[PDB]
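# What the coordinates show
Here's the letter readout for the chains.
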Amino acid sequence: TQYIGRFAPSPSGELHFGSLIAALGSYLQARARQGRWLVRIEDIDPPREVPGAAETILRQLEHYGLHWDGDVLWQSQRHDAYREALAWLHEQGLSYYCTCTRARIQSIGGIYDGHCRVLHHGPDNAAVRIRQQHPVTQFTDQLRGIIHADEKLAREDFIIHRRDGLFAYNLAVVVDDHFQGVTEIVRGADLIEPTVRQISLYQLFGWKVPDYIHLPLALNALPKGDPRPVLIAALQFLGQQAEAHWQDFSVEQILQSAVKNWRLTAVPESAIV
Ligand SMILES: [Zn+2]
């Protein structure tokens, strides 16, 4: 089956150099594998995001030559799907309602103890937690090798729907990547630790687990003007050939050659650069 990858930005700001790295690396790996590359706007909580940011992000991708396949998926148009997934989990004996306060959880060290797991509380003024069976605590990264996660965090009956009504990231990412047919997730190293919880969720749904690559995080908005020197800097960051005389080429030519020359093994394995 065809490779399917994606870039899934949060519209809490515009793209910066760090998010360009994630977009570019996901794009290059997808195109090198003769695959599809999709874009999903994570506008799951629009009251806490910035009007106009999603549109800015899509325009920036186009400016840097990173054109996606198909239609953009919007998480603001997917709450029906998340609700459906929650209903299935509850019906299948895989979730429960938790009425514990923030203060209680804080007092026991910040990781839930499964207090409400067999209390059979109703949905009224409650969070929804997953009822883990066999938590995943390690995974394979195609760049970094085998990763060992924080065991206490990995084994928690984690929140999948918040008491304030927000759908949890870990729920929505699995439901949407599955819906879009994603076969490999190429993203930043800041998402390493939640990976094992997401894999646990794929297993509870009975769904095929994708492959994972976590790129190094670039640490301290993209220029509106000439994108070429910024693209060259991003290619260098990712350990790729970085054309000296970029002034003689278009963005499109630079990307076409970067796809031809893409070497995953040359990407740095540091968590942060
Ligand atoms: Zn509870």
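Residues numbered from 1 in each chain as written, not as in the entry; some residues may be left out. Heavy atoms only, no water. Residues with missing side-chain atoms left out of burial classes, pairs and counts.

## Comments concerning the coordination of the zinc ion
Within the protein, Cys98 (SG), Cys100 (SG), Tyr112 (OH) and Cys116 (SG) serve as the donor atoms for the zinc ion, at 2.1 to 2.4 Å. Along the chain, the residues that donate to the zinc ion are spaced as C-x1-C-x11-Y-x3-C. With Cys98 in strand β4 (residues 95-98) and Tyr112 in the loop between α4 (102-107) and β5 (127-130), the pair connects residues that are 14 residues apart, well separated along the chain. A single burial state applies to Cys98 and to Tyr112, both of which are buried. (Donors = N, O, S within 2.8 Å, 3.2 Å for Na, K, Ca; no water. Helix = DSSP H or I, 4+ residues; strand = E, 2+ residues; numbered from the N terminus. Buried < 20%, exposed > 50% of the residue type's maximum accessible area, 1.4 Å probe, protein only.)

## Focus: the pattern of salt bridges
One pass over the structure, following the stated rule, counts 9 salt bridges. Linking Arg40 and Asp177 is a salt bridge whose minimum nitrogen-to-oxygen distance equals 2.9 Å. You can see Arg40 sitting in strand β2 (residues 36-41) and its partner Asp177 sitting in helix α6 (residues 169-179), a full 137 residues away along the chain. In terms of burial, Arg40 and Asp177 fall into one category: buried. Put simply, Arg78 and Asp176 hold a salt bridge, and the shortest N to O gap is 2.8 Å. (Salt bridge = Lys/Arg side-chain N within 4 Å of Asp/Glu carboxyl O.)

## Some remarks on α6
A large share of α6 lies buried, amounting to 8 of its 11 residues. Positive backbone phi, at 75°, marks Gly181, one or two positions downstream of α6.

## Section: the side chain of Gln240
Along the chain, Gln240 falls in the loop between α8 (228-237) and α9 (251-260). Look at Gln240 and you get buried, because its relative accessible area is 8%. Apart from residues no more than four positions distant in its own chain, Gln240 is found in contact with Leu235, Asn261, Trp262, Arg263, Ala266 and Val267. (Contact = heavy atoms within 4.5 Å.)

## Things to note about the sheet that holds β5
The strand order across the open sheet formed by 3 strands is β4-β5-β8, and the pairing between neighbours is antiparallel. Sheet topology places β4 and β8 (159-161) at the edges, where each strand pairs with a single neighbour. Here the strands of the sheet are splayed against their neighbours by 45° on average, with no regard to which way each runs. Summarising the sheet, β4 and β5 pair through 4 bridges and their orientation is antiparallel. Residue pairing in the sheet places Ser95 in a bridge with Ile130 of β5. (Pairing = 2+ DSSP bridges. Axes fitted to C-alpha atoms, helices over the stretch in contact; angles between N-to-C directions.)

## Considerations on the sheet that holds strand β3 (residues 73-74)
Reading across the sheet, the 3 strands line up as β1-β2-β3 and stay open at both edges, with parallel pairing between neighbours. The open sheet has two edge strands, β1 (4-7) and β3, and neither has a second partner. Looking at chain direction, β1 and β2 are connected through 4 bridges and run parallel. The residue bridging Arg6 from the neighbouring strand is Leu38, located in β2. Packed on one face of the sheet, helix α1 (residues 17-32) meets β1 and β2 and runs near 150° to β2. Packing against the sheet, helix α2 (residues 53-63) makes contact with β1, β2 and β3, and its axis sits at approximately 155° to β2.

## Quick word on the pairing of β5
Residue alternation in β5 divides its side chains into two sets, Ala127 and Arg129 and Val128 and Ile130, and both sets are buried. Across 2 bridges, β5 lies against β8 in antiparallel orientation. Looking at the pairing, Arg129 lines up with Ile159 of β8.

## Observations concerning the domain arrangement of the protein chain
According to the domain assignment, the protein chain contains domain 1 (1-77 + 216-273) and domain 2 (78-215). Each of domain 1 and domain 2 was reduced to a C-alpha centroid, and the two centroids are 27 Å apart. Counting residues at the interface gives 30 residues for domain 1 and 28 residues for domain 2. Contact between domain 1 and domain 2 buries roughly 2400 Å² in total, counting both sides, with carbon and sulfur atoms accounting for 55%. It is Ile4, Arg6 and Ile44 that lose the most area in domain 1 upon contact with domain 2, and together they represent 24% of the buried surface on that side. Summed over the shared surface of domain 1 and domain 2, the result is 2 salt bridges. (Domains from an automatic or database assignment. Buried area = accessible area lost by both parts, 1.4 Å probe.)

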